[PDB]
Amino acid sequence: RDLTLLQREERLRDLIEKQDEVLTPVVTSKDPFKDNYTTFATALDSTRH
Amino acid sequence: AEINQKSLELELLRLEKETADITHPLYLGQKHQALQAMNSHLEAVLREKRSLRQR
Amino acid sequence: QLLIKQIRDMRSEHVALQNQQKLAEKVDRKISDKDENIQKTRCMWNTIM
Amino acid sequence: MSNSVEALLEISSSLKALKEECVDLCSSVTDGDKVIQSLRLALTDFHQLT
């Protein structure tokens, strides 16, 4: 039982570590993008009517 | 002995359920798709920067 | 005779499992940070999606 | 004896209930490693485009 549970936890850790490495840069640049994009889209939308 | 085997199985299944959103291929696949759609859109916007600026 | 056979078989199995546990403990100190890493990863995804 | 038999019936029922909740998790072992690689590329691109 102990060996089997340890093997599964190790696999889970490996998977989480690989994801953290790639998600951290995207979350940090999100808020400036969303705000710049929304302002851009609203400005563009006012020229079509 | 039989109780012990089934108890282990239960414990394993419980661990898998609790971590499925971040680990299972199904859920990870859905996140990929959403990200690819946005990429393509941004590529397009960057390609038409001049026209959009003029407008 | 049956009991003799069963005990011998189990002893052999116990030694084999002991060798496997000694190889797995050389990797585990760092586990005190799992639930925290999972929630961190989940939170980053929720923010992006 | 009577206590052991009752413990088996309880655990067996708990397992059956959990297997039914995890029907979506039980399908085809696509190579989890491939999906992650692909995700890595998409995120990296997304970050660069943003």
# chains A, B, ... in the order shown; residues from 1 in each chain; ligands from 1
call {"tool": "interface_residues", "arguments": {"of": "chain B", "to": "chain D", "cutoff": "7 Å", "atoms": "only C-alpha atoms", "output": "list in words"}}
result
residues 3, 6, 7, 10, 17, 25, 29, 32, 35, 36, 39 and 42 of chain B
call {"tool": "write_last_selection", "arguments": {"atoms": "C-alpha atoms", "output": "PDB file, in the first residue's frame"}}
result
ATOM      1  CA  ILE B   3     -10.776  -5.842   2.490  1.00  0.00           C
ATOM      2  CA  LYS B   6     -10.386  -3.029  -1.986  1.00  0.00           C
ATOM      3  CA  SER B   7      -9.437  -0.391   0.453  1.00  0.00           C
ATOM      4  CA  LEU B  10     -10.612   3.050  -3.162  1.00  0.00           C
ATOM      5  CA  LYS B  17     -10.496  12.276  -8.759  1.00  0.00           C
ATOM      6  CA  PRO B  25      -5.914  14.647 -20.541  1.00  0.00           C
ATOM      7  CA  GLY B  29      -7.222  19.312 -23.835  1.00  0.00           C
ATOM      8  CA  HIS B  32      -5.485  23.975 -25.140  1.00  0.00           C
ATOM      9  CA  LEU B  35      -5.685  29.062 -25.990  1.00  0.00           C
ATOM     10  CA  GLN B  36      -5.203  28.271 -29.702  1.00  0.00           C
ATOM     11  CA  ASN B  39      -3.575  32.978 -30.629  1.00  0.00           C
ATOM     12  CA  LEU B  42      -4.026  37.931 -32.141  1.00  0.00           C
TER      13      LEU B  42
END
call {"tool": "residues_around", "arguments": {"residues": "residue 1 in chain A", "least_positions_apart": "2", "cutoff": "10 Å", "atoms": "only C-alpha atoms", "output": "PyMOL selection string"}}
result
(chain A and resi 3-6) or (chain B and resi 4-5+7-9+11-12)
call {"tool": "interface_residues", "arguments": {"of": "chain A", "to": "chain C", "cutoff": "10 Å", "atoms": "only C-alpha atoms", "output": "ChimeraX atom specification"}}
result
/A:2-3,6-7,9-10,12-13,15-17,19-21,23-24,26-28,30
call {"tool": "write_last_selection", "arguments": {"atoms": "C-alpha atoms", "output": "short mmCIF file (atom, residue, chain, number, x, y, z; two decimals), in the first residue's frame"}}
result
data_model
loop_
_atom_site.label_atom_id
_atom_site.label_comp_id
_atom_site.auth_asym_id
_atom_site.auth_seq_id
_atom_site.Cartn_x
_atom_site.Cartn_y
_atom_site.Cartn_z
CA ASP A 2 2.70 2.56 0.92
CA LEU A 3 4.74 1.84 -2.21
CA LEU A 6 4.20 6.97 -3.22
CA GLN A 7 4.46 6.03 -6.90
CA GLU A 9 2.17 11.06 -5.77
CA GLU A 10 5.47 11.21 -7.57
CA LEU A 12 1.43 13.99 -9.75
CA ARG A 13 4.27 16.21 -8.66
CA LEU A 15 2.95 16.89 -13.77
CA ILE A 16 2.32 20.00 -11.62
CA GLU A 17 5.88 21.16 -11.86
CA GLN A 19 2.65 23.17 -15.74
CA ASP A 20 3.83 25.80 -13.22
CA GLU A 21 6.82 26.55 -15.26
CA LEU A 23 1.68 29.27 -16.55
CA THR A 24 3.57 31.75 -14.35
CA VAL A 26 1.08 34.26 -18.70
CA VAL A 27 -0.75 35.15 -15.48
CA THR A 28 1.68 37.96 -14.72
CA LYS A 30 -2.74 39.21 -18.17
#
call {"tool": "atom_distance", "arguments": {"atom1": "CA of residue 45 in chain B", "atom2": "CA of residue 37 in chain D"}}
result
26.1 Å
call {"tool": "residues_around", "arguments": {"residues": "residue 49 in chain B", "least_positions_apart": "6", "cutoff": "12 Å", "atoms": "only C-alpha atoms", "output": "list in words"}}
result
residues 40 and 44 of chain A; 42, 43 and 55 of chain B
call {"tool": "write_last_selection", "arguments": {"atoms": "N, CA and C atoms", "output": "PDB file, in the first residue's frame"}}
result
ATOM      1  N   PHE A  40      -8.908  48.990 -26.945  1.00  0.00           N
ATOM      2  CA  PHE A  40      -8.675  48.924 -28.384  1.00  0.00           C
ATOM      3  C   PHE A  40      -9.945  48.518 -29.120  1.00  0.00           C
ATOM      4  N   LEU A  44     -12.267  50.629 -31.814  1.00  0.00           N
ATOM      5  CA  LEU A  44     -12.496  50.150 -33.172  1.00  0.00           C
ATOM      6  C   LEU A  44     -13.988  50.032 -33.462  1.00  0.00           C
TER       7      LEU A  44
ATOM      8  N   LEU B  42      -5.038  36.908 -32.382  1.00  0.00           N
ATOM      9  CA  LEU B  42      -4.026  37.931 -32.141  1.00  0.00           C
ATOM     10  C   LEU B  42      -3.046  38.012 -33.308  1.00  0.00           C
ATOM     11  N   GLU B  43      -2.827  36.957 -33.878  1.00  0.00           N
ATOM     12  CA  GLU B  43      -1.972  36.961 -35.060  1.00  0.00           C
ATOM     13  C   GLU B  43      -2.584  37.796 -36.182  1.00  0.00           C
ATOM     14  N   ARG B  55      -7.748  53.410 -39.560  1.00  0.00           N
ATOM     15  CA  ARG B  55      -9.173  53.506 -39.257  1.00  0.00           C
ATOM     16  C   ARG B  55      -9.403  54.223 -37.932  1.00  0.00           C
TER      17      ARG B  55
END
call {"tool": "atom_distance", "arguments": {"atom1": "CA of residue 15 in chain C", "atom2": "CA of residue 14 in chain B"}}
result
29.5 Å
call {"tool": "closest_residue", "arguments": {"among": "B:47, B:53, B:41, B:31", "to": "chain C", "atoms": "only C-alpha atoms"}}
result
B:31
call {"tool": "atom_distance", "arguments": {"atom1": "CA of residue 8 in chain A", "atom2": "CA of residue 22 in chain A"}}
result
22.7 Å
call {"tool": "select_by_dssp", "arguments": {"residues": "chain C", "states": "alpha helix (DSSP H)", "output": "VMD selection string"}}
result
chain C and resid 2 to 25 34 to 48
